[PDB]
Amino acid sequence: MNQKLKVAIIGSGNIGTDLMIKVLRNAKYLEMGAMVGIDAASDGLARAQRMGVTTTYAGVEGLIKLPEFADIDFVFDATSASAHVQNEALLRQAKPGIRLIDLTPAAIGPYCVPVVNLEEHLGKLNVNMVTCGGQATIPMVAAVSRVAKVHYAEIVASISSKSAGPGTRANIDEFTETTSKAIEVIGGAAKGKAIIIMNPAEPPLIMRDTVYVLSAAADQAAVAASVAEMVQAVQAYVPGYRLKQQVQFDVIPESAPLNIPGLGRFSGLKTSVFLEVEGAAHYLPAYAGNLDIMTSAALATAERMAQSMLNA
C-alpha cells in the first residue's frame, strides 16, 4: 500500500540482490531504504544504484550512519553465518527494536518456513530463514508429518555452482546443521539429515531438491495428496516450485526393517519427493530457483511482520 516501512539489505551478492528486486517489485508493506555491501565494485551495489536505492560499501557501521537509518525498521542479512553474529550485535545496539531477518544459516533466532509456521515468530526481533534447501524441502517433510509420524527425513539440495557465492561457500557446515535441525523442529521429523551439492555444468542447472521421508505405515494416497496441497501452498510464493516426478513410495515391512546405524530399525513407508525450483530470473537466470525459494520466504516473513504492525 501507500504507507510502507523501510528496509535495509546487508550483502549485495546473489541472494541480497535478488531480494532487493523482489522488495522493489512486489513488496506491499515494505520499501527499500538501503543496500549495504563491503565491495564498492560489487554488481549488487551497481544494480541498487541504477534502481535508485541508497548504497554504502562501508558495511553495517556504514548503514548505521546513513541518514536513512533513522527510518529503517527491518534488516535482511544476506552476508554469511559468521558475519550475522556481528551484524545482529551492532544493529541491536544502534536500534533496539529493529527487526532482523536472517537469510544465512547462523540461526541465532528461531526458524521460519512460511507455509509451515509463518504466524509463529512474527513478534521476534531476529528470525532465521534456515537455508534454500530447508525452504524447498521442509514443506515436504511437514506434508508427510501431518499424515504420519516421521522417524527420519533426509534432503539433498543440488544447485548450480555459479549461483552459490562466497557467502554460501563459507557456511556449508552450517547449511547441513541448520537444515537438519529445522527438518526436525519445523518438519516434525525425529531425525533430520541434509546434503548440499554444487554442480558447475553448463547451461547451469535448475535447483533440484530430493526429499526422502521414513514414516510409520501410512496411506499412500493421503501422503501424496498432502504433498500436492503443500506444493500448491509454496507456489503462492514461488510459482516455479514444482514436483519433477510423481511422489514415489516404498513400503518397508516390520518383517524386514531398515537399519539406520545408531538410530533405529524402522518399518512403515518411504516417501520420495523429487522437486525442481525455477526462479523468476530477477537477478540470475531462471535456473537459480535456489535464490527465490529463500528470498520469497524472507520477504513473506517481513511482509507479514509489517502487515501485523501496520494493521492490528
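Residue indices: 1-based, along the sequence shown.
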item: Average Cα temperature factor in the PDB entry - higher stretch of 156-164, 87-95; value: 87-95
item: Stretch with the higher entry mean CA B-factor, where the candidates are 67-75 and 230-238; value: 67-75
item: Deposited CA B-factor, highest of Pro200, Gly133, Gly123, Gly192; value: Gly123
item: Selection from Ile260, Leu275, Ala48, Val247 [criterion: highest C-alpha temperature factor in the record]; value: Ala48
item: CA B-factor ranking of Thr271, expressed as a third of its chain; value: lowest
item: Modelled-residue ranking by C-alpha temperature factor, third containing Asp18; value: middle
item: Chain thirds of CA B-factor: placement of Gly187; value: lowest
item: Position of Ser82 among the chain's modelled residues by C-alpha B-factor, lowest, middle or highest third; value: highest
item: Ranked against its chain, the third holding the CA B-factor of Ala298; value: middle
